[PDB]
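Data block for work24.cif (mmCIF, C-alpha atoms):
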data_upload
loop_
_atom_site.label_atom_id
_atom_site.label_comp_id
_atom_site.auth_asym_id
_atom_site.auth_seq_id
_atom_site.Cartn_x
_atom_site.Cartn_y
_atom_site.Cartn_z
CA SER A 1 -10.74 -6.65 0.90
CA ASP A 2 -7.17 -7.99 0.79
CA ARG A 3 -6.24 -6.15 -2.41
CA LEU A 4 -6.34 -2.79 -4.18
CA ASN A 5 -6.42 -2.62 -7.97
CA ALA A 6 -4.64 0.00 -10.10
CA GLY A 7 -6.80 3.08 -10.56
CA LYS A 8 -8.37 2.77 -7.11
CA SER A 9 -7.62 4.51 -3.84
CA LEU A 10 -8.13 4.15 -0.11
CA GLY A 11 -9.53 7.21 1.68
CA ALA A 12 -8.66 8.20 5.25
CA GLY A 13 -9.39 5.23 7.50
CA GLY A 14 -9.55 2.95 4.47
CA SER A 15 -7.72 -0.37 4.70
CA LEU A 16 -6.87 -3.75 3.35
CA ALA A 17 -7.43 -6.60 5.81
CA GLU A 18 -6.39 -10.23 6.04
CA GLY A 19 -7.05 -12.11 9.24
CA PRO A 20 -5.52 -10.05 12.08
CA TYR A 21 -3.38 -8.07 9.58
CA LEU A 22 -4.45 -4.53 8.76
CA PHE A 23 -2.90 -2.22 6.19
CA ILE A 24 -4.46 1.20 6.74
CA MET A 25 -4.29 4.74 5.41
CA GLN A 26 -4.57 6.59 8.71
CA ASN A 27 -6.21 9.99 9.28
CA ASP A 28 -2.79 11.08 10.56
CA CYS A 29 -1.44 10.47 7.03
CA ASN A 30 0.65 7.47 8.11
CA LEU A 31 0.36 4.29 6.04
CA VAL A 32 0.67 1.46 8.57
CA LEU A 33 0.79 -2.34 8.58
CA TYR A 34 -0.60 -3.81 11.83
CA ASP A 35 -0.16 -7.34 13.12
CA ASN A 36 -3.22 -7.17 15.40
CA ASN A 37 -2.21 -4.09 17.52
CA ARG A 38 1.51 -4.03 16.66
CA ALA A 39 2.69 -1.68 13.92
CA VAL A 40 5.30 -3.64 11.92
CA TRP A 41 5.73 -1.31 8.94
CA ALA A 42 4.99 2.34 8.28
CA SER A 43 5.46 4.90 5.52
CA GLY A 44 6.52 7.34 8.26
CA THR A 45 4.30 10.17 7.01
CA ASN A 46 2.36 10.63 10.28
CA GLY A 47 1.66 14.32 10.95
CA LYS A 48 2.96 15.30 7.50
CA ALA A 49 -0.45 16.40 6.09
CA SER A 50 -4.20 15.95 6.45
CA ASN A 51 -6.93 14.19 4.50
CA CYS A 52 -4.39 11.88 2.85
CA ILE A 53 -5.52 9.20 0.42
CA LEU A 54 -3.60 6.19 -0.86
CA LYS A 55 -3.54 5.73 -4.62
CA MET A 56 -2.51 2.53 -6.39
CA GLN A 57 -1.60 4.22 -9.66
CA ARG A 58 -2.02 2.71 -13.11
CA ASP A 59 1.78 3.00 -13.57
CA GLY A 60 2.59 0.67 -10.64
CA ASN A 61 3.50 3.46 -8.18
CA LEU A 62 1.88 3.40 -4.74
CA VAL A 63 1.43 7.07 -3.72
CA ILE A 64 0.04 8.94 -0.72
CA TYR A 65 -1.66 12.22 -1.81
CA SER A 66 -2.84 15.15 0.26
CA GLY A 67 -4.86 17.25 -2.11
CA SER A 68 -2.87 17.24 -5.34
CA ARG A 69 0.53 16.90 -3.61
CA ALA A 70 2.41 13.59 -3.30
CA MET A 71 3.48 12.88 0.31
CA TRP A 72 5.22 9.55 -0.32
CA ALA A 73 5.81 7.17 -3.23
CA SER A 74 6.96 3.57 -3.60
CA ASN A 75 9.13 4.77 -6.54
CA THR A 76 8.39 1.66 -8.60
CA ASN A 77 7.62 3.35 -11.85
CA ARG A 78 6.83 1.33 -14.95
CA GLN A 79 4.06 2.05 -17.45
CA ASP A 80 0.25 1.97 -17.52
CA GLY A 81 -0.86 -1.58 -16.76
CA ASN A 82 -2.83 -3.83 -14.43
CA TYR A 83 -1.04 -3.71 -11.08
CA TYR A 84 -2.53 -4.53 -7.76
CA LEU A 85 -1.56 -4.12 -4.14
CA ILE A 86 -2.17 -7.18 -1.98
CA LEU A 87 -1.84 -7.82 1.74
CA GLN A 88 -0.65 -11.43 1.55
CA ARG A 89 -1.46 -14.33 3.91
CA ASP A 90 2.24 -14.34 4.85
CA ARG A 91 1.96 -10.69 6.07
CA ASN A 92 3.94 -9.25 3.14
CA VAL A 93 2.34 -6.35 1.29
CA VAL A 94 3.26 -6.63 -2.37
CA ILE A 95 2.56 -4.82 -5.63
CA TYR A 96 2.21 -7.25 -8.55
CA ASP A 97 2.21 -6.51 -12.31
CA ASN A 98 -0.06 -8.11 -14.96
CA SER A 99 2.28 -11.16 -15.01
CA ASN A 100 2.14 -11.70 -11.23
CA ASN A 101 5.69 -10.58 -10.72
CA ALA A 102 6.42 -8.58 -7.56
CA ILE A 103 7.69 -5.05 -8.30
CA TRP A 104 7.57 -3.80 -4.68
CA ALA A 105 7.25 -5.48 -1.26
CA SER A 106 7.14 -4.18 2.32
CA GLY A 107 9.38 -7.10 3.36
CA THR A 108 7.18 -7.87 6.35
CA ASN A 109 6.66 -11.58 5.65
CA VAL A 110 6.70 -13.98 8.61
#
Would you mind writing the structure in this file as structure tokens?
Amino acid sequence: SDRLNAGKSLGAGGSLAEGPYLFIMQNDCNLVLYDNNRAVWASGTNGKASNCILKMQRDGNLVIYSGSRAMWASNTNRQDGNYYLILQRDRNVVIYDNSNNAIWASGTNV
């Protein structure tokens, strides 16, 4: 899938895909955007923890968890709503709110 809805998570090795673009929660706990084989964006949490999962929270925060501990957050807090994370056709990864306004972007658009 190209998108992750609020309330859902990606496990280790789980990913969003779009053509040759891959946005993946790695087993090494790094959250990475690949253009084919080239890493173009990363959370930078590689080696920080194990069995990390990515959670698109109902408050609009994208958060990496390892067990109950937060490893990394997008820090885009609003309130409970209907956000979604999307890997866009232009290679940007964006969190949208119920109104389709961008609240967070990776800034990796080509």
Write out as a short mmCIF file (atom, residue, chain, number, x, y, z; two decimals) with C-alpha atoms, in the coordinates of the input each polymer residue whose atoms come within 12 Å of residue A:26, counting only C-alpha atoms; drop sequence neighbours fewer than 6 positions from it.
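result16.cif, written as the output of this step:
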data_model
loop_
_atom_site.label_atom_id
_atom_site.label_comp_id
_atom_site.auth_asym_id
_atom_site.auth_seq_id
_atom_site.Cartn_x
_atom_site.Cartn_y
_atom_site.Cartn_z
CA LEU A 10 -8.13 4.15 -0.11
CA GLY A 11 -9.53 7.21 1.68
CA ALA A 12 -8.66 8.20 5.25
CA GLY A 13 -9.39 5.23 7.50
CA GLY A 14 -9.55 2.95 4.47
CA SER A 15 -7.72 -0.37 4.70
CA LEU A 16 -6.87 -3.75 3.35
CA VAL A 32 0.67 1.46 8.57
CA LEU A 33 0.79 -2.34 8.58
CA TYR A 34 -0.60 -3.81 11.83
CA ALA A 42 4.99 2.34 8.28
CA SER A 43 5.46 4.90 5.52
CA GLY A 44 6.52 7.34 8.26
CA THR A 45 4.30 10.17 7.01
CA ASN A 46 2.36 10.63 10.28
CA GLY A 47 1.66 14.32 10.95
CA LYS A 48 2.96 15.30 7.50
CA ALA A 49 -0.45 16.40 6.09
CA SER A 50 -4.20 15.95 6.45
CA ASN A 51 -6.93 14.19 4.50
CA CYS A 52 -4.39 11.88 2.85
CA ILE A 53 -5.52 9.20 0.42
CA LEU A 54 -3.60 6.19 -0.86
CA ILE A 64 0.04 8.94 -0.72
#
Write out as a compact mmCIF listing (two decimals) with C-alpha atoms, in the coordinates of the input each polymer residue whose atoms come within 10 Å of residue A:20, counting all atoms listed in the file; drop sequence neighbours fewer than 5 positions from it.
# COMPACT_ATOMS: atom_id res chain seq x y z
CA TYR A 34 -0.60 -3.81 11.83
CA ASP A 35 -0.16 -7.34 13.12
CA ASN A 36 -3.22 -7.17 15.40
CA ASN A 37 -2.21 -4.09 17.52
CA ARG A 91 1.96 -10.69 6.07
task: Give me, please, the distance in Å between atom CA of residue A:92 and atom CA of residue A:5, quoted to one decimal.
output: 16.6 Å
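Between atom CA of residue A:41 and atom CA of residue A:27 the separation is 16.4 Å.
Comparing the minimum interatomic distances between residue A:24 and each of A:81, A:93, A:73, A:105, counting all atoms listed in the file, we find that A:93 sits nearest.
Across the structure, atom CA of residue A:25 and atom CA of residue A:62 are spaced 12.0 Å apart.
Compared by their closest atoms to residue A:85, and using only C-alpha atoms, the residues A:30, A:66, A:57, A:109 rank with A:57 nearest.
Compared by their closest atoms to residue A:17, and using all atoms listed in the file, the residues A:55, A:97, A:2, A:72 rank with A:2 nearest.
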With only C-alpha atoms counted, which protein, DNA or RNA residues have an atom no more than 6 Å from (7.2, -4.7, 7.2) in the file frame? Please answer as a compact mmCIF listing (two decimals) with C-alpha atoms, in the coordinates of the input.
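Okay, selection-v2.txt is ready:
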# COMPACT_ATOMS: atom_id res chain seq x y z
CA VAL A 40 5.30 -3.64 11.92
CA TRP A 41 5.73 -1.31 8.94
CA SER A 106 7.14 -4.18 2.32
CA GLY A 107 9.38 -7.10 3.36
CA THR A 108 7.18 -7.87 6.35
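Using all atoms listed in the file, the smallest distance between any of A:78, A:89, A:8, A:3 and residue A:103 comes from A:78.
Ranking A:79, A:21, A:60, A:31 by their shortest atom-to-atom distance to residue A:7, with all atoms listed in the file included, puts A:60 first.
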Closest of A:1, A:6, A:63, A:102 to residue A:84 - atom-to-atom distances counting only C-alpha atoms: A:6
